[PDB]
Novice: 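Before we start, here is the structure in question, set down as structure tokens.
Letters go in sequence order (proteins before strands), and every chain restarts at 1.
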Amino acid sequence: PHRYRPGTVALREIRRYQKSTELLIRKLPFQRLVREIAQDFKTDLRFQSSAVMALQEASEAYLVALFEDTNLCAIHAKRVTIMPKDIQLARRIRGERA
Amino acid sequence: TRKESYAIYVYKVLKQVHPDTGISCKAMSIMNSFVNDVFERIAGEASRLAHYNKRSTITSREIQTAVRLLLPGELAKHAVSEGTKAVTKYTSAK
Amino acid sequence: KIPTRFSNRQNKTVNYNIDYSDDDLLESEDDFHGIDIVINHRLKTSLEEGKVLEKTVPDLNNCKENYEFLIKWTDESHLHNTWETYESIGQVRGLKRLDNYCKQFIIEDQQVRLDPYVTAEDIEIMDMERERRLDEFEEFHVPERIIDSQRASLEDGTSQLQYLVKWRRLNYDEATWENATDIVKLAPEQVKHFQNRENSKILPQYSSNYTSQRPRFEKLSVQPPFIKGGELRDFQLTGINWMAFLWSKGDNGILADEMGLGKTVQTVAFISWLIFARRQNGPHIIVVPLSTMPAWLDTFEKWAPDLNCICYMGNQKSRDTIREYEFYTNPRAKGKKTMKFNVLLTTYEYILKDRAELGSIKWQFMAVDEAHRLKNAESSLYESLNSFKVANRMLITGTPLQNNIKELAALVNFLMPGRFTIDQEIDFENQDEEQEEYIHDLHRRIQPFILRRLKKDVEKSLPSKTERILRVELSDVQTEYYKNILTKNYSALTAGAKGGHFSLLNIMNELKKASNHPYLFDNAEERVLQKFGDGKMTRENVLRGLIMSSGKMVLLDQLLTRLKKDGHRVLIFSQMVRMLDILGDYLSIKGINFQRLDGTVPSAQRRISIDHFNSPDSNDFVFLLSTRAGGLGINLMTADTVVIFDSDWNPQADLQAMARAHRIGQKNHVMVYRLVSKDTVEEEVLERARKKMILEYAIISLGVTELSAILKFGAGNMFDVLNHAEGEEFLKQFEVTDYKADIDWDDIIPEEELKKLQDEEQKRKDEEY
Amino acid sequence: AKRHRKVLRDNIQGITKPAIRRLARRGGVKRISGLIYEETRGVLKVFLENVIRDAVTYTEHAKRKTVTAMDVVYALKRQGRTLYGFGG
């Protein structure tokens with residue numbers, strides 16, 4: 001049985017997804033999440049498709065930058081695995097948390 | 001409906017710098033957004049500069065100072081050049 | 001040419017090539033026989049030791065040496081399936097497939113065999129679907145078509161003849177190279193069909209070159225000899241003569257016969273007449289729905305066995321196999337490739353998926369079944385099929401007009417692009433002579449291009465079908481929900497709901513939901529339970545709350561009790577599957593053997609439920625249906641009564657809904673009851689449905705093969721009662737029959753039903769579970 | 001009990017674990033702990049409520065019921081997260 005060591009597939013996915021440009025979250029679950037979040041502010045909200053796409057592109061941009069700073073936090077703590085405390089430290093230093 | 005944009009001017013600047021290169025519609029939307037954003041930034045900084053100096057007019061000095069404030073480093077230094085001779089050429093004509 | 005502008009900024013050069021190679025990452029990277037399908041198991045591995053130790057449960061290690069499994073291996077032909085054992089395998093690929101098979105199949109098998117809480121219905125349905133799985137797997141042994149033959153050299157076996165074999169219910173991706181000896185010893189009819197197809201006398205390259213020089217067609221009163229089939233009827237021969245006369249004039253057409261008349265038989269006989277008599281044996285394309293696909297394949301295999309009819313479904317590899325092994329007589333060449341097949345069957349999905357691989361084929365004939373799907377000119381199927389280079393097209397449908405004249409305009413633009421034009425609609429408020437002249441012009445314009453045969457003009461044994469419109473009042477909950485929606489009351493519509501998320505987008509859909517049942521809205525059952533049944537919900541007041549909540553289904557309860565006293569079976573059609581869930585729960589607490597059908601049910605369970613309903617020993621009484629599911633391929637021969645709970649916007653869906661029980665040869669009078677709510681938003685839905693029926697009786701029914709009277713009937717407004725017994729005939733089934741229930745709280749749930757429910761609740765409380 | 005609620009509340013679970021893994025792969029993350037996904041769902045939800053609340057405010061000022069893309073661009077620019085490619 002052919003197997004790969006743990007990590008080279010991860011490097012292959014890092015090289016693959018840093019070359020690509022499409023969105024990594026599916027359209028309908030993100031649209032459902034947007035509509036659920038929006039119905040807590042105003043009832044009976046319609047949505048343009050480009051509004052959902054702009055919200056999506058902003059969301060993947062924010063999460064990719066957050067994961068970059070999370071990886072920097074994990075590397076600074078002499079680790080290769082990211083932890084929730086790395087996300088908390090990144091948001092704390094960035095100023096979003098506190 | 002006549003919707004104004006910076007499409008033809010960005011296209012002819014592109015034909016100046018790359019005569020055999022095309023461009024997509026999303027890239028033109030991004031270029032239009034860039035030009036509008038930089039115009040808004042420079043005009044707002046020039047408006048603030050005129051307000052702080054108790055001046056009621058925006059001149060090329062205010063735009064030059066706003067370009068020096070906003071554009072980082074050498075990008076300012078050429079652009080301050082690139083504006084100035086254009087103004088000089090305008091002074092040679094009107 | 002050269003750039004006229006340059007940058008004076010002395011920034012460093014940047015390589016922008018984001019392309020990468022994983023050849024440096026090959027240090028941990030790389031630098032066909034195994035278990036595929038387990039089919040059947042037997043309780044004796046090698047020999048039967050005895051009948052002892054039949055109790056308890058066996059584990060995985062006990063089942064390792066006690067059972068032998070029927071294995072189809074990887075890249076095999078379903079004929080080398082072997083009865084293997086765990087120690088007889090060793091370690092091959094796909095062993096955990098057999099592990100999952102053996103493990104969980106033996107777990108629920110011994111679980112249902114050792115459970116005392118097992119009814120007879122559950123064991124007979126699981127045994128019947130097990131038998132269906134068994135003979136479905138056994139059907140893969142039978143070959144269906146031989147594609148290609150070759151001479152191959154084995155291990156010192158000199159030269160051997162090897163056949164490409166396709167099996168019965170499988171596709172072209174799994175087509176196998178097999179020995180010739182067992183193929184000719186199993187089914188030599190397919191083999192001799194293959195040699196008949198090899199040196200066939202009919203090819204697309206031998207077709208005629210009729211360029212506006214087609215001969216005149218003489219009428220035939222006898223069945224042609226090249227169409228053997230079974231027996232061809234008189235109206236089928238009339239349709240054959242009509243299509244032949246339309247082809248002789250170089251004109252396209254629509255076969256608008258009713259469903260059940262055998263339009264497939266008519267078009268296979270027309271294809272055989274075009275191939276044999278007129279020598280037009282070129283490439284023909286037939287586009288059919290996927291659900292009706294075997295009903296065309298067996299018709300081709302029976303009525304025209306000498307035709308080279310080929311099939312087009314599957315994944316990319318199956319379609320590649322069909323494209324490169326069977327389309328071309330000489331696929332090894334590089335220039336012009338002649339066609340090897342005669343008729344190609346496909347569906348709409350592979351028309352849109354393979355536009356490029358099918359548009360560059362000089363087709364001679366197109367036959368599109370279920371042409372109402374082509375009713376929209378802007379749908380992608382319309383531009384996909386309109387771009388095909390086909391000389392002659394034909395549309396097979398049951399409903400030519402569905403909603404407006406624009407659908408027929410799209411159909412005649414697909415048929416004749418430019419000769420027919422329609423620029424005006426039909427207004428019932430005009431009532432002028434110019435509109436009647438336009439109607440008569442449309443009557444005389446498409447008269448020879450439409451052939452429609454009714455179910456009453458032929459096969460004079462059909463019982464009549466009567467549709468009764470029943471208008472019933474609303475409950476207090478329905479009335480307060482209707483006034484809350486119509487006079488929007490978000491604070492009042494929230495009330496006791498904890499979430500408070502009421503969506504009033506699509507007002508009319510919420511009005512229809514309120515007219516159907518108040519329990520469709522969220523947090524609505526709790527108010528009724530705490531206001532009338534005091535919140536105890538103890539197995540008896542919930543059914544009474546279901547009864548009093550909706551004003552529609554008290555009449556449905558009376559109808560189901562009345563038809564339970566009689567010997568009839570009832571279908572209930574609905575537009576929403578949540579309302580079907582409401583009726584399913586109502587029958588679950590009520591305790592009636594019911595079956596359900598909607599879009600969420602897969603086709604295997606659809607076949608299971610249809611065979612369970614249509615059995616002569618069926619204990620099912622009521623069958624719930626979603627209206628727009630399944631197409632025309634569903635048979636409800638045992639059904640007698642049809643209840644339309646919710647009307648449809650397109651009434652052709654309602655006609656095909658009530659035509660499920662009103663099929664050809666029905667032995668009982670079909671009775672249709674339509675449940676309509678009084679003074680609600682469904683009244684204009686019925687008005688639009690009656691207007692579409694008026695338009696259908698005007699244009700379509702009077703131009704098959706007093707206009708002012710039906711125009712004034714359509715211009716007007718339509719706005720011993722449940723007995724199962726019964727120009728001017730078209731005016732019937734349009735009156736509104738008002739029903740007065742006046743049922744209060746204590747009239748429902750009588751003494752016998754409440755006593756049975758209390759006894760069942762006491763038995764459930766005593767036995768816990 | 002075939003009947004249930006029509007509305008769905010677990011749409012934060014629609015942002016699946018492979019989607020968050022793909023986002024971390026684009027961010028350059030090699031190894032991901034099992035508690036990352038809940039934290040990522042939380043921070044995505046907080047970001048989405050902020051942007052959606054500002055966009056709904058921009059919509060309600062214009063006396064509209066639909067949320068256009070231009071309102072989303074306004075809401076993102078007001079938070080210092082300017083987005084190019086949707087007008088403006």
Side-chain angles (χ1 to χ4, degrees), chain B residues 1-18 21-52 58 62-63 65-76 78-80 82-83, chain D residues 11-12 14-30 32 37 40-88:
Chain B
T1 314
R2 181 160 294 179
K3 168 70 171 178
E4 91 182 356
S5 168
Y6 293 106
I8 45 159
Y9 319 106
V10 160
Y11 188 92
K12 64 187 58 171
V13 161
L14 169 68
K15 297 286 99 175
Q16 293 200 266
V17 295
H18 281 293
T21 311
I23 196 158
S24 53
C25 284
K26 298 290 181 179
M28 293 300 291
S29 197
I30 288 161
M31 282 326 279
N32 199 48
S33 303
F34 167 76
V35 172
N36 273 123
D37 187 7
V38 166
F39 167 78
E40 176 54 56
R41 284 194 230 177
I42 295 178
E45 197 50 53
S47 166
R48 277 188 303 264
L49 273 155
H51 181 82
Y52 298 148
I58 284 175
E62 270 95 353
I63 305 280
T65 312
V67 159
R68 262 161 177 139
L69 280 156
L70 279 149
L71 262 68
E74 184 178 1
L75 263 183
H78 286 85
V80 163
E82 214 68 35
Chain D
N11 310 305
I12 197 60
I15 319 292
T16 56
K17 154 175 165 180
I20 303 175
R21 282 178 74 84
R22 279 191 303 270
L23 292 173
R25 286 311 184 259
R26 186 163 293 190
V29 179
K30 185 177 180 180
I32 301 166
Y37 311 106
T40 316
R41 277 170 193 123
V43 299
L44 181 62
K45 186 183 286 185
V46 164
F47 173 78
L48 270 187
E49 309 181 311
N50 292 348
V51 180
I52 277 166
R53 151 153 47 63
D54 276 14
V56 160
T57 305
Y58 274 117
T59 284
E60 280 178 326
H61 183 66
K63 293 182 183 293
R64 284 181 273 110
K65 276 74 69 178
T66 194
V67 178
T68 70
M70 193 68 203
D71 298 329
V72 182
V73 171
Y74 294 167
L76 285 159
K77 182 174 73 175
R78 213 211 52 89
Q79 294 179 357
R81 293 182 184 272
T82 317
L83 167 65
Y84 287 176
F86 292 95

Novice: Determine the minimum heavy-atom distance between D:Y84 and B:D37, stating which atoms define it.
Specialist: OH-OD2, 2.7 Å
Novice: Starting at OG of B:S29, measure out to CZ of D:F86 and round the result to the nearest 0.5 Å.
Specialist: 8.5 Å
Novice: So how far is it from D:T82 OG1 to B:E40 CD, rounded to the nearest 0.5 Å?
Specialist: 11.0 Å
